[PDB]
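Each remark here refers to the structure printed beneath this line.
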Amino acid sequence: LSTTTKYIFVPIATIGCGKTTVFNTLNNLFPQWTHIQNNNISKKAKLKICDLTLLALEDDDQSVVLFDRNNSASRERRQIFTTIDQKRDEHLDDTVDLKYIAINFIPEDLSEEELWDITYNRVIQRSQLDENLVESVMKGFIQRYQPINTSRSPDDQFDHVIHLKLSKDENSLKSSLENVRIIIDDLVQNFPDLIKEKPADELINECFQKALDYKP
Ligand SMILES: Nc1nc2c(ncn2[C@@H]2O[C@H](COP(=O)(O)OP(=O)(O)OP(=O)(O)O)[C@@H](O)[C@H]2O)c(=O)[nH]1
Ligand SMILES: [Mg+2]
């Protein structure tokens, strides 16, 4: 109306960390949020994910973009900050305040061995030349992975970091469901004007079930 705040949720992740499951759950809970999936964008598309992000924040209707891309490498985070900062005046007036929230999918203390075991088994459970290609692309995102470091450029440009968990499921609780709850609780504490009514636990569970059973 006079000063509007918008949010870009940026994962730091590798393949199969649950980015899309977490973001689909959130979008099921919050239909007005915009989930942009880098995987669904043609690498010969005119508008790339940073362009679509700014387009999806133009209307007063639109306040959250779920930026669904791995960003395992530091330079991929730097691309987001620089590109959006350079182009935001093409589409947004000066009353719009943009906040970058990092969603960290890979805990500081997780070994590369455990990261691989968890994500590789998730991905195989969802053409042997096919499998070797999948394994090799997954290894490339892990090879390039540089943990978040808000003490140095570029991660010091994040306004906030939400730290997620990454474990084998225990006590029949999927870690992505736990992470959805972590994000919602963090937002209601740290950005109370974003989520008005904290959704009921039953609704979160059902929105997660929908995302989990989604078969593209
Ligand atoms: N067991 C278990 N499976 C999960 C969990 N979260 C997601 N999955 C499954 O793991 C697979 C990968 O999850 P995605 O949400 O697609 O992960 P992603 O990070 O988006 O991976 P990419 O799109 O390939 O980059 C899917 O089959 C999910 O249903 C979880 O917490 N526990
Ligand atoms: Mg995905």
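In the structure tokens, the first chain shown is A, the next is B, and so on; residue numbers restart at 1 for each chain, and ligands run from 1 in the order shown.
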
Counting only C-alpha atoms and all ligand atoms, which residues in chain A sit no more than 9 Å from ligand 1? For each one, give the nearest pair of atoms and the distance in Å, sorted by chain then residue number, as a Markdown table.
```
| residue | atom | partner | partner_atom_place_in_ligand_line | distance |
| --- | --- | --- | --- | --- |
| A:13 | CA | ligand 1 | 19 (O) | 6.9 |
| A:14 | CA | ligand 1 | 19 (O) | 6.3 |
| A:15 | CA | ligand 1 | 25 (O) | 3.8 |
| A:16 | CA | ligand 1 | 21 (O) | 3.4 |
| A:17 | CA | ligand 1 | 19 (O) | 4.1 |
| A:18 | CA | ligand 1 | 15 (O) | 3.3 |
| A:19 | CA | ligand 1 | 19 (O) | 3.8 |
| A:20 | CA | ligand 1 | 20 (O) | 3.7 |
| A:21 | CA | ligand 1 | 15 (O) | 3.6 |
| A:22 | CA | ligand 1 | 15 (O) | 6.4 |
| A:23 | CA | ligand 1 | 15 (O) | 7.9 |
| A:24 | CA | ligand 1 | 15 (O) | 8.2 |
| A:37 | CA | ligand 1 | 23 (O) | 8.3 |
| A:38 | CA | ligand 1 | 23 (O) | 8.7 |
| A:39 | CA | ligand 1 | 23 (O) | 6.9 |
| A:68 | CA | ligand 1 | 20 (O) | 7.6 |
| A:69 | CA | ligand 1 | 25 (O) | 7.0 |
| A:70 | CA | ligand 1 | 25 (O) | 6.4 |
| A:105 | CA | ligand 1 | 19 (O) | 8.7 |
| A:118 | CA | ligand 1 | 1 (N) | 8.5 |
| A:119 | CA | ligand 1 | 10 (O) | 7.3 |
| A:120 | CA | ligand 1 | 12 (C) | 9.0 |
| A:121 | CA | ligand 1 | 10 (O) | 8.2 |
| A:122 | CA | ligand 1 | 10 (O) | 4.4 |
| A:123 | CA | ligand 1 | 11 (C) | 5.3 |
| A:124 | CA | ligand 1 | 27 (O) | 8.4 |
| A:125 | CA | ligand 1 | 27 (O) | 6.7 |
| A:126 | CA | ligand 1 | 27 (O) | 4.8 |
| A:138 | CA | ligand 1 | 24 (O) | 8.4 |
| A:166 | CA | ligand 1 | 31 (O) | 7.8 |
| A:167 | CA | ligand 1 | 31 (O) | 7.8 |
| A:168 | CA | ligand 1 | 32 (N) | 6.8 |
| A:169 | CA | ligand 1 | 32 (N) | 5.7 |
| A:173 | CA | ligand 1 | 31 (O) | 7.6 |
| A:174 | CA | ligand 1 | 31 (O) | 3.8 |
| A:175 | CA | ligand 1 | 31 (O) | 3.8 |
| A:176 | CA | ligand 1 | 31 (O) | 3.8 |
| A:177 | CA | ligand 1 | 31 (O) | 6.3 |
| A:178 | CA | ligand 1 | 31 (O) | 7.8 |
| A:179 | CA | ligand 1 | 31 (O) | 8.3 |
| A:211 | CA | ligand 1 | 29 (O) | 7.4 |
| A:212 | CA | ligand 1 | 29 (O) | 4.6 |
| A:213 | CA | ligand 1 | 29 (O) | 6.5 |
| A:214 | CA | ligand 1 | 29 (O) | 7.2 |
| A:215 | CA | ligand 1 | 27 (O) | 8.0 |
```

Query - All strand (DSSP E or B) residues (DSSP, backbone) inside region 66-159 of chain A, as a ChimeraX atom specification - result: /A:66-68,96-104

Requested in this report: Using only C-alpha atoms, determine which residues lie at most 7 Å from region 52-65 of chain A, disregarding the query and same-chain residues fewer than 5 positions distant; provide the list as a count of residues only.
Outcome: 12

**Report entry** From A:36, A:117, A:46, A:31, residue lying nearest ligand 2 [only C-alpha atoms and all ligand atoms]
**Finding:** A:36

Query - Atom-to-atom span, CA of residue 183 (chain A) and CA of residue 116 (chain A), Å - result: 23.6 Å

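Proximity ranking of A:146, A:136, A:40, A:86 relative to ligand 2 places A:40 first, based on only C-alpha atoms and all ligand atoms.
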
Report task. Find the residues around residue 210 (chain A) up to 9 Å (only C-alpha atoms counted), leave out those fewer than 5 positions away in its own chain, and share them as number ranges by chain. Result -> A: 24-25, 28, 205

Selected residues written out with C-alpha atoms, as a PDB file, in the first residue's frame:
```
ATOM      1  CA  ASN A  24       5.355 -27.878  -2.890  1.00  0.00           C
ATOM      2  CA  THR A  25       4.122 -28.447   0.667  1.00  0.00           C
ATOM      3  CA  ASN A  28      -0.084 -26.171  -0.978  1.00  0.00           C
ATOM      4  CA  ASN A 205       0.407 -33.065   7.344  1.00  0.00           C
TER       5      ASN A 205
END
```

Query raised in the report: For ligand 2, which of A:66, A:115, A:182, A:106 is the closest residue, counting only C-alpha atoms and all ligand atoms?
Result: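 Among the listed residues, A:66 lies closest to ligand 2.
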
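Interatomic distance, CA of residue 141 (chain A) against CA of residue 71 (chain A): 8.7 Å.
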
Query raised in the report: CA of residue 100 (chain A) and CA of residue 207 (chain A), how far apart in Å?
Result: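 Between CA of residue 207 (chain A) and CA of residue 100 (chain A) the gap works out to 24.5 Å.
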
Requested in this report: Find the spatial neighbours of residue 144 (chain A), counting only C-alpha atoms, within a cut-off of 9 Å - ignore same-chain residues fewer than 6 positions away - and output them as a list in words.
Outcome: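 Non-adjacent residues within range: residues 72, 73 and 74 of chain A.
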
Within 10 Å of region 155-165 of chain A, which residues of region 24-135 of chain A show up? Give each one with its shortest atom-to-atom distance in Å (one decimal) and the two atoms involved, counting only C-alpha atoms, rows by chain then rising residue number, as a Markdown table.
```
| residue | atom | partner | partner_atom | distance |
| --- | --- | --- | --- | --- |
| A:74 | CA | A:155 | CA | 7.6 |
| A:75 | CA | A:155 | CA | 9.7 |
| A:77 | CA | A:155 | CA | 7.0 |
| A:78 | CA | A:155 | CA | 7.6 |
| A:81 | CA | A:157 | CA | 7.4 |
| A:98 | CA | A:159 | CA | 9.4 |
| A:99 | CA | A:159 | CA | 6.0 |
| A:100 | CA | A:158 | CA | 5.1 |
| A:101 | CA | A:160 | CA | 4.9 |
| A:102 | CA | A:161 | CA | 4.6 |
| A:103 | CA | A:162 | CA | 5.0 |
| A:104 | CA | A:163 | CA | 5.0 |
| A:105 | CA | A:164 | CA | 5.3 |
| A:106 | CA | A:165 | CA | 7.1 |
| A:107 | CA | A:165 | CA | 6.2 |
| A:108 | CA | A:163 | CA | 9.2 |
| A:110 | CA | A:165 | CA | 9.5 |
```

Take the selection from the previous step and output its residues with N, CA, C and O atoms, as an mmCIF file, in the first residue's frame.
```
data_model
loop_
_atom_site.group_PDB
_atom_site.id
_atom_site.type_symbol
_atom_site.label_atom_id
_atom_site.label_comp_id
_atom_site.auth_asym_id
_atom_site.auth_seq_id
_atom_site.Cartn_x
_atom_site.Cartn_y
_atom_site.Cartn_z
ATOM 1 N N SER A 74 28.866 -21.410 -4.247
ATOM 2 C CA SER A 74 28.763 -20.025 -3.776
ATOM 3 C C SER A 74 28.419 -19.068 -4.920
ATOM 4 O O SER A 74 27.593 -18.160 -4.760
ATOM 5 N N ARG A 75 29.022 -19.280 -6.092
ATOM 6 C CA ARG A 75 28.775 -18.402 -7.235
ATOM 7 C C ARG A 75 27.311 -18.415 -7.660
ATOM 8 O O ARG A 75 26.822 -17.429 -8.229
ATOM 9 N N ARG A 77 24.783 -18.541 -5.531
ATOM 10 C CA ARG A 77 24.122 -17.557 -4.673
ATOM 11 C C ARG A 77 24.456 -16.141 -5.112
ATOM 12 O O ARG A 77 23.582 -15.260 -5.111
ATOM 13 N N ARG A 78 25.727 -15.901 -5.454
ATOM 14 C CA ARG A 78 26.136 -14.566 -5.881
ATOM 15 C C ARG A 78 25.363 -14.140 -7.120
ATOM 16 O O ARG A 78 24.950 -12.979 -7.234
ATOM 17 N N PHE A 81 21.909 -12.699 -5.990
ATOM 18 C CA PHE A 81 21.958 -11.370 -5.385
ATOM 19 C C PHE A 81 22.266 -10.313 -6.443
ATOM 20 O O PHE A 81 21.558 -9.303 -6.560
ATOM 21 N N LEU A 98 13.004 -5.988 -0.602
ATOM 22 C CA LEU A 98 13.235 -7.380 -0.975
ATOM 23 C C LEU A 98 14.100 -8.028 0.095
ATOM 24 O O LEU A 98 15.155 -7.489 0.443
ATOM 25 N N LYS A 99 13.668 -9.175 0.618
ATOM 26 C CA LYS A 99 14.476 -9.901 1.589
ATOM 27 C C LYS A 99 14.833 -11.278 1.046
ATOM 28 O O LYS A 99 14.001 -11.952 0.427
ATOM 29 N N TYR A 100 16.074 -11.690 1.294
ATOM 30 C CA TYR A 100 16.583 -12.989 0.860
ATOM 31 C C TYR A 100 16.691 -13.891 2.079
ATOM 32 O O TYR A 100 17.430 -13.573 3.020
ATOM 33 N N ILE A 101 15.955 -14.999 2.068
ATOM 34 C CA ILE A 101 15.974 -15.973 3.154
ATOM 35 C C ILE A 101 16.609 -17.244 2.616
ATOM 36 O O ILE A 101 16.059 -17.891 1.722
ATOM 37 N N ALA A 102 17.770 -17.591 3.156
ATOM 38 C CA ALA A 102 18.420 -18.843 2.822
ATOM 39 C C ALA A 102 17.716 -19.999 3.525
ATOM 40 O O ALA A 102 17.364 -19.910 4.703
ATOM 41 N N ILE A 103 17.494 -21.080 2.791
ATOM 42 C CA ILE A 103 16.922 -22.309 3.343
ATOM 43 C C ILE A 103 18.020 -23.352 3.233
ATOM 44 O O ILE A 103 18.269 -23.884 2.144
ATOM 45 N N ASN A 104 18.719 -23.628 4.326
ATOM 46 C CA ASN A 104 19.907 -24.475 4.251
ATOM 47 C C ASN A 104 19.504 -25.936 4.428
ATOM 48 O O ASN A 104 19.089 -26.344 5.516
ATOM 49 N N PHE A 105 19.655 -26.736 3.360
ATOM 50 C CA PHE A 105 19.198 -28.125 3.357
ATOM 51 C C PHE A 105 20.261 -29.098 3.835
ATOM 52 O O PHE A 105 19.933 -30.264 4.087
ATOM 53 N N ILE A 106 21.510 -28.669 3.964
ATOM 54 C CA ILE A 106 22.624 -29.561 4.259
ATOM 55 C C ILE A 106 23.278 -29.109 5.556
ATOM 56 O O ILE A 106 24.055 -28.140 5.560
ATOM 57 N N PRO A 107 22.994 -29.771 6.670
ATOM 58 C CA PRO A 107 23.548 -29.358 7.963
ATOM 59 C C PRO A 107 25.071 -29.278 7.954
ATOM 60 O O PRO A 107 25.761 -30.066 7.300
ATOM 61 N N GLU A 108 25.576 -28.322 8.741
ATOM 62 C CA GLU A 108 27.009 -28.075 8.869
ATOM 63 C C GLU A 108 27.798 -29.350 9.157
ATOM 64 O O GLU A 108 28.888 -29.553 8.608
ATOM 65 N N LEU A 110 27.024 -32.578 8.585
ATOM 66 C CA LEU A 110 26.735 -33.771 7.801
ATOM 67 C C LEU A 110 27.933 -34.141 6.929
ATOM 68 O O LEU A 110 28.481 -33.300 6.210
#
```

**Report entry** Residue among A:5, A:143, A:128, A:79 lying closest to residue 94 (chain A), counting only C-alpha atoms
**Finding:**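 The answer is A:5, which sits nearest to residue 94 (chain A).
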
**Report entry** Option closest in space to residue 154 (chain A), from A:29, A:80, A:204, A:133 [counting only C-alpha atoms]
**Finding:**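 So, comparing all the options, the nearest one is A:80.
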
Report task. Name the residues of region 34-176 of chain A that come out as helix (DSSP H, G or I) in a backbone DSSP run; write them as an MDAnalysis selection string. Result -> chainID A and resid 38:40 49:55 74:90 112:124 128:143 155:157 175:176
